[PDB]
>>> print(open('structure12.cif').read())   # mmCIF, C-alpha atoms and all ligand atoms
data_my_file
#
loop_
_atom_site.group_PDB
_atom_site.id
_atom_site.type_symbol
_atom_site.label_atom_id
_atom_site.label_comp_id
_atom_site.auth_asym_id
_atom_site.auth_seq_id
_atom_site.Cartn_x
_atom_site.Cartn_y
_atom_site.Cartn_z
ATOM 1 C CA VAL A 3 -25.868 -38.961 -21.204
ATOM 2 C CA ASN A 4 -23.289 -38.170 -23.898
ATOM 3 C CA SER A 5 -22.865 -38.935 -27.601
ATOM 4 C CA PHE A 6 -20.061 -41.507 -27.340
ATOM 5 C CA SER A 7 -21.212 -44.718 -29.037
ATOM 6 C CA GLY A 8 -20.045 -48.322 -29.181
ATOM 7 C CA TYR A 9 -17.685 -48.352 -26.186
ATOM 8 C CA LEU A 10 -17.110 -51.254 -23.825
ATOM 9 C CA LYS A 11 -17.491 -50.259 -20.165
ATOM 10 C CA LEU A 12 -14.474 -51.265 -18.074
ATOM 11 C CA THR A 13 -15.254 -49.503 -14.772
ATOM 12 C CA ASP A 14 -17.628 -46.882 -13.419
ATOM 13 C CA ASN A 15 -15.792 -44.191 -15.403
ATOM 14 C CA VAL A 16 -13.532 -45.806 -18.061
ATOM 15 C CA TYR A 17 -14.775 -46.920 -21.490
ATOM 16 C CA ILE A 18 -12.879 -48.332 -24.499
ATOM 17 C CA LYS A 19 -13.308 -48.774 -28.258
ATOM 18 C CA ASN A 20 -11.255 -49.862 -31.261
ATOM 19 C CA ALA A 21 -11.241 -46.571 -33.131
ATOM 20 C CA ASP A 22 -9.116 -43.986 -34.892
ATOM 21 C CA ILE A 23 -9.099 -41.061 -32.450
ATOM 22 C CA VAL A 24 -9.031 -38.640 -35.395
ATOM 23 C CA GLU A 25 -12.217 -40.081 -36.881
ATOM 24 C CA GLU A 26 -13.815 -40.353 -33.433
ATOM 25 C CA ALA A 27 -13.171 -36.695 -32.582
ATOM 26 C CA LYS A 28 -14.579 -35.521 -35.920
ATOM 27 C CA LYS A 29 -17.804 -37.448 -35.242
ATOM 28 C CA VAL A 30 -18.317 -36.620 -31.556
ATOM 29 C CA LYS A 31 -16.701 -33.156 -31.404
ATOM 30 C CA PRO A 32 -16.005 -33.739 -27.693
ATOM 31 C CA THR A 33 -15.396 -30.985 -25.194
ATOM 32 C CA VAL A 34 -11.860 -32.375 -24.775
ATOM 33 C CA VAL A 35 -9.653 -34.531 -26.979
ATOM 34 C CA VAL A 36 -6.354 -35.634 -25.423
ATOM 35 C CA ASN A 37 -3.178 -35.456 -27.504
ATOM 36 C CA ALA A 38 -0.232 -37.749 -26.785
ATOM 37 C CA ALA A 39 2.188 -34.819 -26.824
ATOM 38 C CA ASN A 40 5.903 -34.375 -26.266
ATOM 39 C CA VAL A 41 7.408 -31.549 -24.207
ATOM 40 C CA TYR A 42 8.124 -29.470 -27.336
ATOM 41 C CA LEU A 43 4.615 -29.903 -28.775
ATOM 42 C CA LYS A 44 6.239 -31.158 -31.992
ATOM 43 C CA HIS A 45 3.381 -33.163 -33.467
ATOM 44 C CA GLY A 46 5.306 -35.372 -35.859
ATOM 45 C CA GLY A 47 3.972 -38.907 -35.539
ATOM 46 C CA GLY A 48 1.682 -41.202 -33.626
ATOM 47 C CA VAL A 49 -1.541 -39.702 -32.317
ATOM 48 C CA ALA A 50 -0.017 -36.211 -32.320
ATOM 49 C CA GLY A 51 0.984 -36.341 -35.972
ATOM 50 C CA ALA A 52 -2.450 -37.672 -36.905
ATOM 51 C CA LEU A 53 -4.392 -35.066 -34.914
ATOM 52 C CA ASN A 54 -2.247 -32.244 -36.248
ATOM 53 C CA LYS A 55 -2.670 -33.399 -39.861
ATOM 54 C CA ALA A 56 -6.452 -33.402 -39.396
ATOM 55 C CA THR A 57 -6.245 -29.719 -38.335
ATOM 56 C CA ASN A 58 -4.337 -28.824 -41.524
ATOM 57 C CA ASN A 59 -1.288 -27.950 -39.316
ATOM 58 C CA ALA A 60 -3.226 -25.343 -37.295
ATOM 59 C CA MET A 61 -2.484 -27.335 -34.134
ATOM 60 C CA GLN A 62 1.256 -27.070 -34.837
ATOM 61 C CA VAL A 63 1.084 -23.322 -35.552
ATOM 62 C CA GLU A 64 -0.758 -22.706 -32.272
ATOM 63 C CA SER A 65 1.647 -25.001 -30.426
ATOM 64 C CA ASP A 66 4.732 -23.210 -31.735
ATOM 65 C CA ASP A 67 3.391 -19.916 -30.393
ATOM 66 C CA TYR A 68 2.642 -21.602 -27.045
ATOM 67 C CA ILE A 69 6.223 -22.898 -26.751
ATOM 68 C CA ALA A 70 7.741 -19.579 -27.838
ATOM 69 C CA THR A 71 5.863 -17.890 -24.981
ATOM 70 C CA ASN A 72 5.980 -20.524 -22.235
ATOM 71 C CA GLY A 73 8.816 -22.934 -22.970
ATOM 72 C CA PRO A 74 8.531 -26.718 -22.954
ATOM 73 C CA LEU A 75 6.104 -28.737 -20.892
ATOM 74 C CA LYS A 76 7.235 -31.140 -18.172
ATOM 75 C CA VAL A 77 7.116 -34.887 -18.693
ATOM 76 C CA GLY A 78 3.919 -35.776 -16.846
ATOM 77 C CA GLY A 79 2.496 -32.307 -17.512
ATOM 78 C CA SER A 80 -0.101 -30.819 -19.822
ATOM 79 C CA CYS A 81 -1.565 -27.699 -21.348
ATOM 80 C CA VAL A 82 -5.008 -26.835 -22.719
ATOM 81 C CA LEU A 83 -5.082 -25.448 -26.259
ATOM 82 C CA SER A 84 -7.703 -25.209 -28.979
ATOM 83 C CA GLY A 85 -9.367 -28.331 -30.326
ATOM 84 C CA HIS A 86 -9.570 -26.693 -33.776
ATOM 85 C CA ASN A 87 -12.014 -28.616 -36.013
ATOM 86 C CA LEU A 88 -11.805 -31.760 -33.843
ATOM 87 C CA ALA A 89 -13.027 -30.737 -30.370
ATOM 88 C CA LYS A 90 -13.639 -27.657 -28.271
ATOM 89 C CA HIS A 91 -10.291 -28.086 -26.496
ATOM 90 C CA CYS A 92 -7.206 -30.235 -26.883
ATOM 91 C CA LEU A 93 -5.504 -31.334 -23.666
ATOM 92 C CA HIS A 94 -1.872 -31.944 -24.667
ATOM 93 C CA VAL A 95 -0.526 -34.487 -22.154
ATOM 94 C CA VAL A 96 3.101 -35.655 -22.014
ATOM 95 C CA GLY A 97 3.477 -39.253 -20.956
ATOM 96 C CA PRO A 98 6.988 -40.613 -20.471
ATOM 97 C CA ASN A 99 8.611 -41.813 -23.720
ATOM 98 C CA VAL A 100 10.397 -45.094 -22.986
ATOM 99 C CA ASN A 101 12.311 -44.827 -26.256
ATOM 100 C CA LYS A 102 13.922 -41.695 -24.726
ATOM 101 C CA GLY A 103 14.704 -43.308 -21.357
ATOM 102 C CA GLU A 104 12.024 -41.425 -19.413
ATOM 103 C CA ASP A 105 10.728 -42.689 -16.074
ATOM 104 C CA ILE A 106 7.612 -44.831 -16.554
ATOM 105 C CA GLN A 107 6.550 -43.816 -13.032
ATOM 106 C CA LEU A 108 5.597 -40.431 -14.520
ATOM 107 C CA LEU A 109 2.705 -42.124 -16.343
ATOM 108 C CA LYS A 110 0.486 -41.759 -13.273
ATOM 109 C CA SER A 111 1.274 -38.034 -13.088
ATOM 110 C CA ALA A 112 0.384 -37.737 -16.778
ATOM 111 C CA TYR A 113 -3.024 -39.371 -16.277
ATOM 112 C CA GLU A 114 -3.745 -37.115 -13.264
ATOM 113 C CA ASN A 115 -4.169 -34.255 -15.742
ATOM 114 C CA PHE A 116 -7.354 -35.949 -16.978
ATOM 115 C CA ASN A 117 -9.024 -35.347 -13.592
ATOM 116 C CA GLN A 118 -9.299 -31.625 -14.366
ATOM 117 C CA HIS A 119 -11.909 -32.400 -17.062
ATOM 118 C CA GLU A 120 -15.296 -34.033 -16.544
ATOM 119 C CA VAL A 121 -15.301 -35.983 -19.846
ATOM 120 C CA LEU A 122 -12.466 -36.731 -22.292
ATOM 121 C CA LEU A 123 -11.754 -38.631 -25.496
ATOM 122 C CA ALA A 124 -8.215 -39.974 -25.169
ATOM 123 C CA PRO A 125 -5.587 -42.464 -26.332
ATOM 124 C CA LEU A 126 -3.577 -44.681 -24.009
ATOM 125 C CA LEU A 127 -0.709 -42.543 -22.745
ATOM 126 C CA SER A 128 2.842 -43.716 -23.440
ATOM 127 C CA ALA A 129 1.511 -46.465 -25.770
ATOM 128 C CA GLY A 130 2.342 -46.751 -29.463
ATOM 129 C CA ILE A 131 5.614 -45.081 -30.419
ATOM 130 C CA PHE A 132 6.143 -43.892 -26.821
ATOM 131 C CA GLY A 133 7.224 -47.468 -26.098
ATOM 132 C CA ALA A 134 5.351 -48.420 -22.914
ATOM 133 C CA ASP A 135 3.258 -51.538 -22.341
ATOM 134 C CA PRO A 136 -0.340 -50.619 -23.299
ATOM 135 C CA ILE A 137 -1.745 -53.122 -20.784
ATOM 136 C CA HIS A 138 0.145 -51.218 -18.096
ATOM 137 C CA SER A 139 -1.046 -47.880 -19.471
ATOM 138 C CA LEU A 140 -4.674 -49.037 -19.291
ATOM 139 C CA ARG A 141 -4.166 -50.207 -15.699
ATOM 140 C CA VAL A 142 -2.682 -46.857 -14.655
ATOM 141 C CA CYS A 143 -5.537 -45.053 -16.422
ATOM 142 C CA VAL A 144 -8.208 -47.045 -14.574
ATOM 143 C CA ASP A 145 -6.415 -46.610 -11.238
ATOM 144 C CA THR A 146 -5.763 -42.855 -11.669
ATOM 145 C CA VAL A 147 -8.507 -41.196 -13.716
ATOM 146 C CA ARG A 148 -11.737 -40.530 -11.821
ATOM 147 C CA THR A 149 -13.505 -38.457 -14.486
ATOM 148 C CA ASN A 150 -15.240 -40.021 -17.505
ATOM 149 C CA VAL A 151 -12.694 -41.176 -20.078
ATOM 150 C CA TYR A 152 -13.448 -42.673 -23.496
ATOM 151 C CA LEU A 153 -10.331 -44.488 -24.704
ATOM 152 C CA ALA A 154 -9.730 -44.954 -28.428
ATOM 153 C CA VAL A 155 -7.490 -47.718 -29.337
ATOM 154 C CA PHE A 156 -6.063 -47.636 -32.876
ATOM 155 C CA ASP A 157 -4.709 -51.183 -33.164
ATOM 156 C CA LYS A 158 -7.301 -53.958 -33.412
ATOM 157 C CA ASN A 159 -5.072 -56.766 -32.154
ATOM 158 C CA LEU A 160 -4.157 -54.524 -29.230
ATOM 159 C CA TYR A 161 -7.785 -53.664 -28.527
ATOM 160 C CA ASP A 162 -8.817 -57.325 -28.257
ATOM 161 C CA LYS A 163 -5.761 -58.062 -26.112
ATOM 162 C CA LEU A 164 -6.532 -55.180 -23.726
ATOM 163 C CA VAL A 165 -10.141 -56.283 -23.218
ATOM 164 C CA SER A 166 -9.377 -59.991 -22.853
ATOM 165 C CA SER A 167 -6.511 -59.253 -20.447
ATOM 166 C CA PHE A 168 -8.326 -56.566 -18.442
ATOM 167 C CA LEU A 169 -8.748 -57.314 -14.749
HETATM 168 O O1 LIG B 1 -1.656 -45.362 -27.410
HETATM 169 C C1 LIG B 1 -1.675 -44.534 -28.511
HETATM 170 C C2 LIG B 1 -1.826 -45.439 -29.756
HETATM 171 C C3 LIG B 1 -0.530 -46.286 -29.869
HETATM 172 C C4 LIG B 1 -0.532 -47.377 -30.906
HETATM 173 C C5 LIG B 1 -0.269 -48.708 -30.738
HETATM 174 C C6 LIG B 1 -0.356 -49.494 -31.954
HETATM 175 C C7 LIG B 1 -0.700 -48.778 -33.036
HETATM 176 S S1 LIG B 1 -0.914 -47.116 -32.611
HETATM 177 N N1 LIG B 1 -2.027 -44.640 -30.955
HETATM 178 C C8 LIG B 1 -3.221 -44.187 -31.432
HETATM 179 N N2 LIG B 1 -4.337 -44.447 -30.682
HETATM 180 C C9 LIG B 1 -5.541 -43.998 -31.145
HETATM 181 N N3 LIG B 1 -5.806 -43.315 -32.265
HETATM 182 C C10 LIG B 1 -4.647 -43.092 -32.965
HETATM 183 N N4 LIG B 1 -4.683 -42.383 -34.179
HETATM 184 C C11 LIG B 1 -3.322 -42.341 -34.613
HETATM 185 C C12 LIG B 1 -2.520 -42.976 -33.699
HETATM 186 C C13 LIG B 1 -3.339 -43.470 -32.650
HETATM 187 CL CL CL B 2 1.475 -44.067 -31.566
#
>>> encode(input="structure12.cif", output="structure tokens", more="lines below")
Ligand SMILES: OC[C@H](Cc1cccs1)Nc1ncnc2[nH]ccc12
Ligand SMILES: [Cl-]
Amino acid sequence: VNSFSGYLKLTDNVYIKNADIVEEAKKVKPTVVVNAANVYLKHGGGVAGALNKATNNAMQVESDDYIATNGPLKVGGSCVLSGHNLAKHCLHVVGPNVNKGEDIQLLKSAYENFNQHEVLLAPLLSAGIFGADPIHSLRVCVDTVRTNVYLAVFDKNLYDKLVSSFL
């Protein structure tokens, strides 16, 4: 039993809700919140910009030190950093950004990072400003993640479409 509330159950392990991931994380304080990161951990817009703003830019400061030490992530890769005031940990995951011409096949590799954590609050990878089809992202999530994932979907029209189209 966990403290996630109001989710629709899609499979044994995948749940979904129309919610602002920032407001969700503040309420639940999950062990892991997933950020929709880029390889530079430049948290400018989308989920990343929103999460960073909620940390008063502390996420960006920590991220800049991470990059200075380690260099950029790989597309499809991840790193674990602090969750600041939002969660214990933030798993920064880089899905392919279609608006940069990145291979959508790397979306499965991106979701594989979730399997290293028993429970996660997450957005749909490569959705939103990353340009991929969110219905496809949900399908890859369900077919790749085996741990317990609570998906927050920002856009209401998208949430209803994802549920009503889910197979
Ligand atoms: O798949 C990630 C989605 C993409 C979108 C499609 C339409 C509108 S946003 N973004 C988010 N999902 C959940 N919480 C969020 N908080 C801020 C942004 C955000
Ligand atoms: Cl977005």
>>> closest_residue(input="structure12.cif", among="A:126, A:81, A:131, A:96", to="residue 161 in chain A", atoms="only C-alpha atoms")
A:126
>>> residues_near_ligand(input="structure12.cif", ligand="ligand LIG 1 (chain B)", cutoff="7 Å", atoms="only C-alpha atoms and all ligand atoms", output="VMD selection string")
chain A and resid 21 to 24 48 to 49 52 125 to 131 136 154 to 157 160
>>> resolve_selection(input="structure12.cif", expression="the PyMOL selection byres (((chain A and resi 147) around 8) and not hetatm)", output="mmCIF file with C-alpha atoms, in the coordinates of the input")
data_model
loop_
_atom_site.group_PDB
_atom_site.id
_atom_site.type_symbol
_atom_site.label_atom_id
_atom_site.label_comp_id
_atom_site.auth_asym_id
_atom_site.auth_seq_id
_atom_site.Cartn_x
_atom_site.Cartn_y
_atom_site.Cartn_z
ATOM 1 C CA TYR A 113 -3.024 -39.371 -16.277
ATOM 2 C CA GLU A 114 -3.745 -37.115 -13.264
ATOM 3 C CA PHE A 116 -7.354 -35.949 -16.978
ATOM 4 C CA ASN A 117 -9.024 -35.347 -13.592
ATOM 5 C CA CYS A 143 -5.537 -45.053 -16.422
ATOM 6 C CA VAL A 144 -8.208 -47.045 -14.574
ATOM 7 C CA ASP A 145 -6.415 -46.610 -11.238
ATOM 8 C CA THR A 146 -5.763 -42.855 -11.669
ATOM 9 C CA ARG A 148 -11.737 -40.530 -11.821
ATOM 10 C CA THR A 149 -13.505 -38.457 -14.486
ATOM 11 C CA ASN A 150 -15.240 -40.021 -17.505
ATOM 12 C CA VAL A 151 -12.694 -41.176 -20.078
#
>>> resolve_selection(input="structure12.cif", expression="the PyMOL selection byres (((chain A and resi 84) around 10) and not hetatm)", output="ChimeraX atom specification")
/A:34-35,60-61,64-65,82-83,85-94
>>> closest_residue(input="structure12.cif", among="A:20, A:115, A:62, A:139", to="residue 77 in chain A", atoms="only C-alpha atoms")
A:115
>>> resolve_selection(input="structure12.cif", expression="the PyMOL selection byres (((chain A and resi 167) around 12) and not hetatm)", output="ChimeraX atom specification")
/A:12,136-138,140-141,160-166,168-169
>>> decode(input="structure12.cif", residues="range 47-67 of chain A", atoms="N, CA and C atoms", output="CSV table (one decimal), in the first residue's frame")
chain,number,residue,atom,x,y,z
A,47,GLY,N,12.0,24.1,-19.7
A,47,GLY,CA,10.6,24.1,-20.0
A,47,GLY,C,10.1,22.7,-19.9
A,48,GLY,N,8.8,22.6,-20.1
A,48,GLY,CA,8.1,21.3,-20.0
A,48,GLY,C,8.1,20.9,-18.5
A,49,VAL,N,8.1,19.6,-18.3
A,49,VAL,CA,8.2,19.1,-16.9
A,49,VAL,C,9.4,19.5,-16.2
A,50,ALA,N,10.5,19.5,-16.9
A,50,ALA,CA,11.8,19.9,-16.3
A,50,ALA,C,11.8,21.3,-15.8
A,51,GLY,N,11.3,22.2,-16.6
A,51,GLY,CA,11.3,23.6,-16.2
A,51,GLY,C,10.3,23.8,-15.0
A,52,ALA,N,9.2,23.1,-15.0
A,52,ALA,CA,8.3,23.1,-13.9
A,52,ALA,C,8.8,22.6,-12.6
A,53,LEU,N,9.4,21.4,-12.7
A,53,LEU,CA,10.0,20.8,-11.5
A,53,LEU,C,11.1,21.7,-10.9
A,54,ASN,N,12.0,22.2,-11.8
A,54,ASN,CA,13.1,23.0,-11.3
A,54,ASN,C,12.6,24.3,-10.6
A,55,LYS,N,11.6,24.9,-11.2
A,55,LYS,CA,11.0,26.1,-10.6
A,55,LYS,C,10.5,25.9,-9.2
A,56,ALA,N,9.9,24.7,-9.0
A,56,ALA,CA,9.3,24.3,-7.7
A,56,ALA,C,10.4,24.1,-6.7
A,57,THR,N,11.6,23.8,-7.1
A,57,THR,CA,12.8,23.7,-6.2
A,57,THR,C,13.5,25.0,-6.0
A,58,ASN,N,13.0,26.1,-6.5
A,58,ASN,CA,13.6,27.4,-6.4
A,58,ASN,C,15.0,27.4,-7.1
A,59,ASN,N,15.2,26.7,-8.2
A,59,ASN,CA,16.4,26.5,-9.0
A,59,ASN,C,17.4,25.7,-8.3
A,60,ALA,N,17.2,25.0,-7.2
A,60,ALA,CA,18.2,24.2,-6.6
A,60,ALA,C,18.4,22.9,-7.4
A,61,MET,N,17.4,22.4,-8.1
A,61,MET,CA,17.7,21.3,-9.1
A,61,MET,C,18.7,21.7,-10.1
A,62,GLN,N,18.5,22.9,-10.7
A,62,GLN,CA,19.5,23.4,-11.7
A,62,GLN,C,20.9,23.5,-11.2
A,63,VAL,N,21.0,24.1,-10.0
A,63,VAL,CA,22.4,24.3,-9.4
A,63,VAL,C,23.0,22.9,-9.2
A,64,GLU,N,22.3,21.9,-8.7
A,64,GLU,CA,22.8,20.6,-8.5
A,64,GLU,C,23.2,20.0,-9.8
A,65,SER,N,22.3,20.2,-10.8
A,65,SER,CA,22.5,19.6,-12.1
A,65,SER,C,23.8,20.1,-12.8
A,66,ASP,N,24.0,21.4,-12.6
A,66,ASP,CA,25.2,22.0,-13.3
A,66,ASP,C,26.5,21.5,-12.7
A,67,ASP,N,26.5,21.2,-11.4
A,67,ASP,CA,27.6,20.6,-10.8
A,67,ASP,C,27.8,19.1,-11.3
